[PDB]
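> This is query.txt, which holds compact mmCIF, N, CA and C atoms and all ligand atoms:
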```txt
# COMPACT_ATOMS: atom_id res chain seq x y z
N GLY A 276 -33.42 -9.64 34.89
CA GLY A 276 -34.52 -10.57 34.71
C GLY A 276 -35.54 -10.48 35.83
N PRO A 277 -36.67 -11.20 35.69
CA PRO A 277 -37.67 -11.32 36.75
C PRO A 277 -37.16 -12.26 37.86
N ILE A 278 -37.57 -12.00 39.10
CA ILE A 278 -37.21 -12.90 40.20
C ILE A 278 -37.96 -14.21 40.06
N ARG A 279 -37.27 -15.32 40.29
CA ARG A 279 -37.91 -16.62 40.36
C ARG A 279 -37.63 -17.22 41.72
N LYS A 280 -38.57 -18.02 42.21
CA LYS A 280 -38.30 -18.84 43.39
C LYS A 280 -38.25 -20.28 42.92
N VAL A 281 -37.20 -20.98 43.33
CA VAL A 281 -36.96 -22.32 42.82
C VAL A 281 -36.71 -23.23 44.01
N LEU A 282 -37.39 -24.36 44.05
CA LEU A 282 -37.20 -25.32 45.13
C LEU A 282 -36.22 -26.41 44.76
N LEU A 283 -35.29 -26.70 45.67
CA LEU A 283 -34.38 -27.83 45.51
C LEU A 283 -34.71 -28.80 46.61
N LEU A 284 -34.52 -30.08 46.33
CA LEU A 284 -34.66 -31.12 47.33
C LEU A 284 -33.31 -31.81 47.46
N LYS A 285 -32.76 -31.74 48.66
CA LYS A 285 -31.41 -32.21 48.95
C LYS A 285 -31.46 -33.35 49.96
N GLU A 286 -30.89 -34.51 49.60
CA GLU A 286 -30.77 -35.59 50.59
C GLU A 286 -29.72 -35.13 51.61
N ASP A 287 -29.84 -35.58 52.85
CA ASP A 287 -28.99 -35.04 53.91
C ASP A 287 -27.49 -35.16 53.63
N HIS A 288 -27.09 -36.18 52.87
CA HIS A 288 -25.66 -36.43 52.64
C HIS A 288 -25.06 -35.60 51.50
N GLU A 289 -25.89 -35.07 50.61
CA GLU A 289 -25.35 -34.40 49.43
C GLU A 289 -25.26 -32.88 49.60
N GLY A 290 -24.49 -32.24 48.72
CA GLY A 290 -24.43 -30.79 48.71
C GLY A 290 -25.56 -30.26 47.85
N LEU A 291 -25.60 -28.95 47.67
CA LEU A 291 -26.58 -28.34 46.76
C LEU A 291 -26.29 -28.64 45.29
N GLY A 292 -25.02 -28.90 44.99
CA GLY A 292 -24.59 -29.18 43.64
C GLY A 292 -24.35 -27.93 42.80
N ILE A 293 -23.92 -26.85 43.44
CA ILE A 293 -23.56 -25.64 42.70
C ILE A 293 -22.17 -25.13 43.12
N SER A 294 -21.52 -24.40 42.22
CA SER A 294 -20.39 -23.55 42.64
C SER A 294 -20.86 -22.11 42.58
N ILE A 295 -20.40 -21.29 43.53
CA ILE A 295 -20.75 -19.88 43.54
C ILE A 295 -19.52 -18.97 43.57
N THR A 296 -19.68 -17.80 42.96
CA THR A 296 -18.66 -16.76 43.00
C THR A 296 -19.32 -15.49 43.54
N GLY A 297 -18.54 -14.43 43.69
CA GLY A 297 -19.08 -13.14 44.08
C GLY A 297 -19.34 -12.97 45.57
N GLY A 298 -20.12 -11.95 45.89
CA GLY A 298 -20.36 -11.54 47.27
C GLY A 298 -19.99 -10.09 47.49
N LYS A 299 -20.37 -9.57 48.66
CA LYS A 299 -20.22 -8.16 48.98
C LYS A 299 -18.82 -7.64 48.69
N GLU A 300 -17.80 -8.36 49.16
CA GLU A 300 -16.44 -7.85 49.02
C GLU A 300 -16.00 -7.77 47.55
N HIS A 301 -16.74 -8.44 46.67
CA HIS A 301 -16.40 -8.47 45.25
C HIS A 301 -17.24 -7.52 44.41
N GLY A 302 -18.19 -6.83 45.04
CA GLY A 302 -18.99 -5.85 44.33
C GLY A 302 -19.93 -6.46 43.31
N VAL A 303 -20.35 -7.69 43.56
CA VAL A 303 -21.29 -8.37 42.67
C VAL A 303 -22.08 -9.34 43.51
N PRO A 304 -23.26 -9.76 43.01
CA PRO A 304 -24.08 -10.70 43.77
C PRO A 304 -23.39 -12.04 43.90
N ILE A 305 -23.90 -12.89 44.79
CA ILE A 305 -23.56 -14.31 44.77
C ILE A 305 -24.07 -14.86 43.45
N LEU A 306 -23.17 -15.45 42.67
CA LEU A 306 -23.51 -15.92 41.34
C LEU A 306 -23.26 -17.40 41.20
N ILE A 307 -24.18 -18.11 40.56
CA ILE A 307 -23.94 -19.51 40.26
C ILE A 307 -22.99 -19.64 39.07
N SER A 308 -21.84 -20.25 39.32
CA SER A 308 -20.82 -20.39 38.30
C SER A 308 -20.77 -21.80 37.71
N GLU A 309 -21.25 -22.78 38.46
CA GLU A 309 -21.30 -24.16 37.96
C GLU A 309 -22.52 -24.88 38.50
N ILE A 310 -23.07 -25.76 37.68
CA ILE A 310 -24.11 -26.67 38.11
C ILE A 310 -23.58 -28.09 37.92
N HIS A 311 -23.56 -28.85 39.01
CA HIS A 311 -22.90 -30.16 39.01
C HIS A 311 -23.84 -31.31 38.65
N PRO A 312 -23.49 -32.05 37.60
CA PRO A 312 -24.36 -33.12 37.10
C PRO A 312 -24.73 -34.11 38.19
N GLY A 313 -26.02 -34.43 38.27
CA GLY A 313 -26.50 -35.49 39.12
C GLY A 313 -26.77 -35.03 40.54
N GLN A 314 -26.49 -33.77 40.83
CA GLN A 314 -26.69 -33.23 42.17
C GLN A 314 -27.99 -32.42 42.21
N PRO A 315 -28.41 -31.95 43.41
CA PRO A 315 -29.77 -31.40 43.53
C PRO A 315 -30.12 -30.29 42.55
N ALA A 316 -29.26 -29.30 42.39
CA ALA A 316 -29.58 -28.21 41.47
C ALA A 316 -29.80 -28.73 40.05
N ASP A 317 -28.98 -29.70 39.64
CA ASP A 317 -29.11 -30.30 38.31
C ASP A 317 -30.39 -31.14 38.20
N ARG A 318 -30.68 -31.95 39.22
CA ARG A 318 -31.80 -32.88 39.16
C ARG A 318 -33.14 -32.16 39.16
N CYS A 319 -33.21 -31.08 39.93
CA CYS A 319 -34.46 -30.37 40.11
C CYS A 319 -34.67 -29.36 38.98
N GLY A 320 -33.58 -28.82 38.45
CA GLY A 320 -33.64 -27.81 37.41
C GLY A 320 -34.16 -26.48 37.95
N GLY A 321 -34.19 -25.48 37.08
CA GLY A 321 -34.72 -24.18 37.46
C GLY A 321 -33.62 -23.20 37.80
N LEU A 322 -32.44 -23.72 38.12
CA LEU A 322 -31.27 -22.90 38.39
C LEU A 322 -30.30 -22.99 37.21
N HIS A 323 -29.57 -21.91 36.96
CA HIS A 323 -28.71 -21.83 35.79
C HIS A 323 -27.43 -21.06 36.10
N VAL A 324 -26.36 -21.42 35.41
CA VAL A 324 -25.13 -20.64 35.45
C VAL A 324 -25.48 -19.22 35.07
N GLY A 325 -25.03 -18.27 35.89
CA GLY A 325 -25.32 -16.87 35.65
C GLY A 325 -26.46 -16.31 36.48
N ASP A 326 -27.25 -17.18 37.12
CA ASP A 326 -28.26 -16.71 38.06
C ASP A 326 -27.58 -16.13 39.28
N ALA A 327 -28.10 -15.00 39.77
CA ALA A 327 -27.68 -14.46 41.06
C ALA A 327 -28.58 -15.06 42.14
N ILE A 328 -28.00 -15.44 43.27
CA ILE A 328 -28.77 -15.93 44.39
C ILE A 328 -29.00 -14.76 45.33
N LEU A 329 -30.23 -14.26 45.36
CA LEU A 329 -30.59 -13.11 46.19
C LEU A 329 -30.93 -13.53 47.62
N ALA A 330 -31.49 -14.72 47.78
CA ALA A 330 -31.85 -15.24 49.11
C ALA A 330 -31.99 -16.75 49.06
N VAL A 331 -31.84 -17.40 50.21
CA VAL A 331 -32.11 -18.83 50.31
C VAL A 331 -32.95 -19.04 51.57
N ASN A 332 -34.08 -19.73 51.42
CA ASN A 332 -35.02 -19.94 52.53
C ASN A 332 -35.32 -18.69 53.36
N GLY A 333 -35.44 -17.56 52.69
CA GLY A 333 -35.78 -16.32 53.36
C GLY A 333 -34.59 -15.56 53.93
N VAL A 334 -33.40 -16.13 53.83
CA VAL A 334 -32.18 -15.42 54.25
C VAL A 334 -31.65 -14.55 53.10
N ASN A 335 -31.67 -13.24 53.31
CA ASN A 335 -31.19 -12.29 52.30
C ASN A 335 -29.67 -12.43 52.10
N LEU A 336 -29.25 -12.79 50.90
CA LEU A 336 -27.83 -12.89 50.59
C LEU A 336 -27.30 -11.74 49.71
N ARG A 337 -28.08 -10.68 49.55
CA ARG A 337 -27.68 -9.61 48.65
C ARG A 337 -26.50 -8.78 49.13
N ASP A 338 -26.24 -8.77 50.44
CA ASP A 338 -25.17 -7.93 50.98
C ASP A 338 -24.21 -8.72 51.87
N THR A 339 -24.21 -10.03 51.71
CA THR A 339 -23.37 -10.90 52.52
C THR A 339 -22.04 -11.11 51.81
N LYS A 340 -20.97 -11.22 52.60
CA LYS A 340 -19.69 -11.60 52.04
C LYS A 340 -19.76 -13.03 51.51
N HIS A 341 -18.86 -13.36 50.59
CA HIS A 341 -18.80 -14.70 50.00
C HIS A 341 -18.86 -15.81 51.04
N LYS A 342 -17.99 -15.74 52.04
CA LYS A 342 -17.93 -16.81 53.04
C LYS A 342 -19.22 -16.95 53.86
N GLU A 343 -19.83 -15.82 54.23
CA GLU A 343 -21.10 -15.85 54.94
C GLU A 343 -22.16 -16.58 54.11
N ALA A 344 -22.21 -16.28 52.81
CA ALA A 344 -23.16 -16.94 51.92
C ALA A 344 -22.90 -18.45 51.83
N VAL A 345 -21.63 -18.83 51.67
CA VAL A 345 -21.25 -20.25 51.64
C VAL A 345 -21.77 -20.96 52.90
N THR A 346 -21.54 -20.36 54.06
CA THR A 346 -21.96 -20.94 55.32
C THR A 346 -23.46 -21.12 55.42
N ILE A 347 -24.21 -20.06 55.10
CA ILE A 347 -25.66 -20.15 55.12
C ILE A 347 -26.15 -21.24 54.16
N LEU A 348 -25.59 -21.27 52.95
CA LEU A 348 -26.02 -22.24 51.94
C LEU A 348 -25.72 -23.67 52.41
N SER A 349 -24.58 -23.84 53.06
CA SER A 349 -24.13 -25.15 53.51
C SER A 349 -24.98 -25.68 54.66
N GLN A 350 -25.66 -24.77 55.36
CA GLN A 350 -26.48 -25.16 56.51
C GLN A 350 -27.89 -25.62 56.14
N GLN A 351 -28.30 -25.36 54.90
CA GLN A 351 -29.67 -25.64 54.48
C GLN A 351 -29.86 -27.13 54.36
N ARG A 352 -31.06 -27.60 54.70
CA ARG A 352 -31.36 -29.03 54.64
C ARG A 352 -32.74 -29.27 54.06
N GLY A 353 -32.90 -30.40 53.39
CA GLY A 353 -34.19 -30.82 52.89
C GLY A 353 -34.70 -30.02 51.72
N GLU A 354 -35.83 -29.36 51.91
CA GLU A 354 -36.46 -28.60 50.85
C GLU A 354 -36.03 -27.14 50.98
N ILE A 355 -35.39 -26.62 49.94
CA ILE A 355 -34.69 -25.33 50.02
C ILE A 355 -35.11 -24.41 48.89
N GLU A 356 -35.66 -23.25 49.26
CA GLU A 356 -36.17 -22.31 48.27
C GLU A 356 -35.12 -21.25 47.95
N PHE A 357 -34.75 -21.15 46.68
CA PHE A 357 -33.81 -20.13 46.22
C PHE A 357 -34.58 -19.02 45.55
N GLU A 358 -34.22 -17.78 45.87
CA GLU A 358 -34.76 -16.62 45.17
C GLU A 358 -33.64 -16.15 44.27
N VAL A 359 -33.87 -16.22 42.96
CA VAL A 359 -32.81 -15.95 42.00
C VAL A 359 -33.28 -15.04 40.90
N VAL A 360 -32.32 -14.40 40.24
CA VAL A 360 -32.60 -13.61 39.05
C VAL A 360 -31.46 -13.81 38.06
N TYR A 361 -31.80 -13.94 36.79
CA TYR A 361 -30.76 -14.02 35.78
C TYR A 361 -30.21 -12.63 35.47
N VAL A 362 -28.94 -12.43 35.80
CA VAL A 362 -28.31 -11.13 35.61
C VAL A 362 -27.65 -11.04 34.24
N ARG B 5 -9.43 -16.29 41.66
CA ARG B 5 -10.85 -15.97 41.77
C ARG B 5 -11.54 -16.84 42.82
N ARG B 6 -12.23 -16.18 43.74
CA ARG B 6 -13.01 -16.85 44.78
C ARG B 6 -14.16 -17.67 44.18
N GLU B 7 -14.09 -18.99 44.35
CA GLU B 7 -15.19 -19.85 43.92
C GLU B 7 -15.34 -21.03 44.86
N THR B 8 -16.56 -21.27 45.32
CA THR B 8 -16.78 -22.32 46.32
C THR B 8 -17.86 -23.30 45.90
N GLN B 9 -17.56 -24.59 46.05
CA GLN B 9 -18.54 -25.64 45.83
C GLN B 9 -19.38 -25.87 47.08
N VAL B 10 -20.70 -25.78 46.92
CA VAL B 10 -21.62 -25.98 48.03
C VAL B 10 -22.74 -26.96 47.67
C1 LIG C 401 -35.79 -32.08 42.71
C2 LIG C 401 -35.40 -33.30 42.08
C3 LIG C 401 -36.35 -34.15 41.49
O1 LIG C 401 -35.94 -35.35 40.87
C4 LIG C 401 -37.71 -33.79 41.51
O2 LIG C 401 -38.67 -34.62 40.92
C5 LIG C 401 -38.11 -32.59 42.14
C6 LIG C 401 -37.16 -31.73 42.74
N1 LIG C 401 -37.63 -30.52 43.36
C7 LIG C 401 -37.74 -29.29 42.60
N2 LIG C 401 -38.00 -30.53 44.69
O3 LIG C 401 -38.57 -29.54 45.19
```
Have the structure of the file written as structure tokens, please.
Ligand SMILES: *c1cc(O)c(O)cc1N(C)N=O

Amino acid sequence: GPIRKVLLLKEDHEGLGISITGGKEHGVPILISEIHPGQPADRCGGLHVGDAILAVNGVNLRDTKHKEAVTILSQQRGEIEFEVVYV
Amino acid sequence: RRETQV
């Protein structure tokens, strides 16, 4: 698919509201596997199960291990831009 | 399967 950039707005106490799979060690991109009702990804829309997360706020996640990606994603605050493509 | 909630 075409690359999209999608903004999420996250209150400081909440998570992004997604589950992810994949990563470098798995030979596949970081993939959104779940979108959690009522949480930022769900409320803002634009993200979907099956989207690959290529980058977040300018951090390239295309070659990061799963855990590295989790950590980077968990550190993001406030207004967060995802670069995604539907694979 | 590796899956993480964030
Ligand atoms: C997230 C959630 C929400 O209710 C609105 O109106 C807008 C967002 N976004 C996309 N913030 O950037």
> 10 Å from ligand LIG 401 (chain C) is the threshold here; counting only C-alpha atoms and all ligand atoms, which polymer residues fall inside it? Answer as a PyMOL selection string.
chain A and resi 281-286+313-321+353-356
> To one decimal in Å, tell me the separation between atom N of residue 291 of chain A and atom N of residue 312 of chain A.
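Interatomic distance, atom N of residue 291 of chain A to atom N of residue 312 of chain A: 10.7 Å.
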> So, with all atoms listed in the file as the atoms that count, which of A:290, A:297, A:304, A:277 lies closest to residue 7 of chain B?
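Residue with the minimum atom-to-atom distance to residue 7 of chain B: A:297.
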> Show me the residues close to (-35.2, -17.7, 46.5) - anything with an atom within 9 Å, counting only C-alpha atoms - and format the list as a count of residues only.
19
> If we count only C-alpha atoms and set the cut-off at 9 Å, which residues sit around residue 300 of chain A, ignoring sequence neighbours fewer than 5 positions away in its own chain? Please answer as a list in words.
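Counting only C-alpha atoms, the residues come to residues 338, 339, 340 and 341 of chain A.
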> Set the distance at 6 Å and use only N, CA and C atoms: which residues neighbour residue 9 of chain B once local chain neighbours fewer than 5 positions away are removed? I'd like the list as a PyMOL selection string.
chain A and resi 293-295
> Let me see the file: selected residues, N, CA and C atoms, as an mmCIF file, in the coordinates of the input.

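Ended up saving to again11.cif:
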```cif
data_model
loop_
_atom_site.group_PDB
_atom_site.id
_atom_site.type_symbol
_atom_site.label_atom_id
_atom_site.label_comp_id
_atom_site.auth_asym_id
_atom_site.auth_seq_id
_atom_site.Cartn_x
_atom_site.Cartn_y
_atom_site.Cartn_z
ATOM 1 N N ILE A 293 -23.920 -26.850 43.440
ATOM 2 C CA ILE A 293 -23.560 -25.640 42.700
ATOM 3 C C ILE A 293 -22.170 -25.130 43.120
ATOM 4 N N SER A 294 -21.520 -24.400 42.220
ATOM 5 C CA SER A 294 -20.390 -23.550 42.640
ATOM 6 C C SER A 294 -20.860 -22.110 42.580
ATOM 7 N N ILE A 295 -20.400 -21.290 43.530
ATOM 8 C CA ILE A 295 -20.750 -19.880 43.540
ATOM 9 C C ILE A 295 -19.520 -18.970 43.570
#
```
> Please measure the separation of atom CA of residue 351 of chain A and atom CA of residue 301 of chain A, giving the value in Å to one decimal.
23.6 Å
